[PDB]
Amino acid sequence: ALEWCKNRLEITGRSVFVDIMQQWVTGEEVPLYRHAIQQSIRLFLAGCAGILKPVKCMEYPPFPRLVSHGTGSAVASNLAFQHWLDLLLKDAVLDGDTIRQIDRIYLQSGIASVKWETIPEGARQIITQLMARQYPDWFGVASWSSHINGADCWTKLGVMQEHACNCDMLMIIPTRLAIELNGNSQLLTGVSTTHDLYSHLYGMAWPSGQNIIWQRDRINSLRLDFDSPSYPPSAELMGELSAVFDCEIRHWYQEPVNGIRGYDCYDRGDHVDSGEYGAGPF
């Protein structure tokens, strides 16, 4: 049976920072990065339809179907698509900047204002097929569906989600564009999968936690417990947590079956010490 790791956190200081972090823990904040990737899917779909084309002549080697309809008058819609192609080609993080630049370019592309059947026949053939085929990665579902409704799917992808899951870590070390679009598939040849990036960035392939329980302990003070798959989040990530939230994070972790236990302290981005797991007391 897959064994889960118990993490316990004790955090401090400073009232206003432990408030924004509590929001992180509760998923109150909006995950702007999800806006970037849902916009990138629509851009990617549009480009495959040919209802957005490059203006420079250029390749996209991982998926030449993205640019198979040629060029490309010099209008705003297709000028924004080039800038998007640039980001995609560099597999852009995902910070930023590169979020607020993915909806600037999304703003005229002008594809927010499709629209699903003013689109040719034609384009609908192609978009639906890609969505069907990439459905479990783009739509957070286990399995392909025997039927999909193009209009609904194309709609779903236009509606930005407004709350993030609890302890969403993609808020903390950013993910990257081409991979997100590849999800766990082999759509994009040569491009890595989301499973592999997460492993590398966060030290676990699922960058969140479950069985989240917490306590505003004192106004200077937050206690967080949560379960992670197999392993605790990386030092790298935990380090970043405490920089992002300008806090001191005391981290106790334990998975009995593989004998991983430990203690690490992180302070304002710095790994201030580690040790043996004591315990440190609920």
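Each residue number is its position in the shown sequence, starting from 1.
- Comparing 257-265 with 14-22, the stretch with the higher mean C-alpha B-factor in the PDB entry is 14-22.
- Mean CA B-factor, 203-211 versus 134-142: the higher value falls on 203-211.
- Among 186, 175, 77, 161, the highest C-alpha B-factor recorded in the PDB entry belongs to 161.
- The residue among 115, 156, 195, 90 whose C-alpha carries the highest B-factor in the deposited model is 115.
- The PDB entry assigns residue 220 a C-alpha temperature factor belonging to the highest third of its chain's modelled residues.
- In the PDB entry, a CA B factor belonging to the lowest third of its chain's modelled residues is recorded for residue 251.
- Per the PDB record, residue ranking by Cα B-factor puts residue 244 in the middle third of the chain.
- Per the PDB record, residue ranking by Cα B-factor puts residue 105 in the highest third of the chain.
- Sort the modelled residues of the chain by CA B factor and residue 85 lands in the lowest third.
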